[PDB]
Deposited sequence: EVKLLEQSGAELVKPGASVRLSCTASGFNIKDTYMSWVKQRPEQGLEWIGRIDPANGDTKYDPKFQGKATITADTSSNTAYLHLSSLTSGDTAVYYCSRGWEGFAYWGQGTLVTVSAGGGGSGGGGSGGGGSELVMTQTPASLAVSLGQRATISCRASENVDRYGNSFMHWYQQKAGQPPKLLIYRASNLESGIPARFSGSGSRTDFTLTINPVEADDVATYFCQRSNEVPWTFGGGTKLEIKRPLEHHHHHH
């Protein structure tokens, strides 16, 4: 069905360049935006930028200006990420992600190993909750995240060695297949994700994300763990 196929792992020398691909199948790459997300080992999600393949418009987080370049090939239905003058700080898993109102489709990710503005305040950094109890994760934005009267706030779940999975989009809408125990709410600058009751399957890292205006900034993340009942 609908799939985002990424290129194989890269082992690159420092100072060199690298190009990663994201082949889209089951849909037209021009129908929506294509983003690239960086994730350093044991660290949070970093939105690099996005491309609109219909007009070639590119937008980047200022932190990736002079480092990352995004292109699209509308004849092969592929998106590309170009990384310049590579350093140890670029060693990460790079994901390509489709959409605007929450990234429902993600690529498997591409590991890149280098050889030897709005602020999103997500709390708590770490959360220990007993089985059957309620876990609440907060996300505070420094500016408004509304467009067309809708809060462009999304929630993601990330388990070990897996790409992130969309839970909530547009502050309160449950993604297809996500259980009723997960709920989202919020307005203006304050947003929450509630998991009630919490079970063993909920052990993962959670991330909030805005998308009304660029940069499509992710929160710092919440590592959810189980404590004694």
query = Deposited sequence versus model: which ranges have no CA atoms?
reply = 1, 118-132, 246-253
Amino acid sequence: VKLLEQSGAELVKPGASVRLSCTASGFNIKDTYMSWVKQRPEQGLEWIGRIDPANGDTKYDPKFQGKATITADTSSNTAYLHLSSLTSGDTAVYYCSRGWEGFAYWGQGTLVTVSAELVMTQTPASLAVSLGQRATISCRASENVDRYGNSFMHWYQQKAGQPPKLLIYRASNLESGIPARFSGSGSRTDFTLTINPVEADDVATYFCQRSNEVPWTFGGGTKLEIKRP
From here on, numbers count along this sequence of modelled residues.
message = Please check residue 117 against the other PDB entries of this protein that were compared: is it missing in at least a third of those that model both its neighbours?
response = yes
inquiry  = If you take the mean CA temperature factor per stretch, which one wins between 186-194 and 46-54?
reply    = 186-194
query = Comparing 34-42 with 174-182, where is the mean C-alpha B-factor higher?
reply = 174-182
ask   = Highest Cα B-factor in the PDB entry belongs to which of 84, 123, 71, 142?
value = 142
request  = Have a look at 104, 129, 111, 137 and flag the one whose Cα has the highest B-factor in the entry.
outcome  = 129
key: Chain third (lowest, middle, highest) by recorded CA B-factor, residue given as residue 160   = highest
message = Using the temperature factors of the C-alpha atoms in this entry, rank residue 75 within its chain: lowest, middle or highest third.
response = highest
remark   = For residue 17, the third of its chain by CA B-factor is the middle
query = Going by the entry, which third of its chain does the Cα temperature factor of residue 27 land in?
reply = highest
request  = Consider only the C-alpha atoms of the modelled residues in this chain, order them by B-factor as the entry records it, and name the third containing residue 166: lowest, middle or highest.
outcome  = lowest
